[PDB]
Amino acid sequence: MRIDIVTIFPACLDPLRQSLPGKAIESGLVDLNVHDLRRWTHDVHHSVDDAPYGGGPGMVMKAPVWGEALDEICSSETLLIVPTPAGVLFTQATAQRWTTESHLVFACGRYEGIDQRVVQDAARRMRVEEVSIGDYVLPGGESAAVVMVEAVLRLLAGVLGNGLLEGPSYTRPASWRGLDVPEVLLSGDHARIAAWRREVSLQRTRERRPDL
């Protein structure tokens, strides 16, 4: 897989060179390139943003700057991802599906986001997905790209064989500060253990994620 992330704060992507995704990249499973959007500006201030048509709060990222960057970085086989509050929700199934992609490009917004015409124009050439990692507002799309890449590269790196929430886990010691490991886990009975884990997962899922 090849991944490009375009941003005005390249350093925010530094966790992607660490631990699990760092290993995936070193191993040649994935090429990752992080680009400073400002390199496609041509004025003295290297400005990437300007006031919104129709008024409103804040600034909008200019289309011509983004247009040039994506012209150079993307092909017609690229999947372009734009992290935004206004996107459909990112889920495990999205992550699994994106392991089949050869080229992911992340266009990380700042301010009020990116002139909408960038995505309309990009969508003439390549597939585009506007995606939110959750129902909360971040100052930019960078740490959302970190989340999404880490989800993808986890799967890509290969996970061990083993919709409910995961149950609790325990390891040594068997008793700690007057708190005991549930005797079933010490019993060696794989049937009793599996049913116990199923029971607790079910109970958790009802309490914390009734939408599931």
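Start at 1 with the first residue shown and count on from there.
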Chain break class at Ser169/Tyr170 - deposited residues not modelled: none
193 to 201 versus 15 to 23 - greater average Cα B-factor per the deposited record: 193 to 201
Greater mean Cα temperature factor according to the PDB record, 140 to 148 or 35 to 43: 35 to 43
Residue, from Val65, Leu155, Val60, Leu179, that the PDB entry assigns the highest Cα B-factor: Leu179
Selection from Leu186, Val48, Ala69, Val30 [criterion: highest C-alpha temperature factor in the record]: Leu186
Modelled-residue ranking by C-alpha temperature factor, third containing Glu207: middle
Third of the chain's Cα B-factor distribution that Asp121 belongs to, per the entry: lowest
For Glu112, the third of its chain into which the C-alpha B factor falls: highest
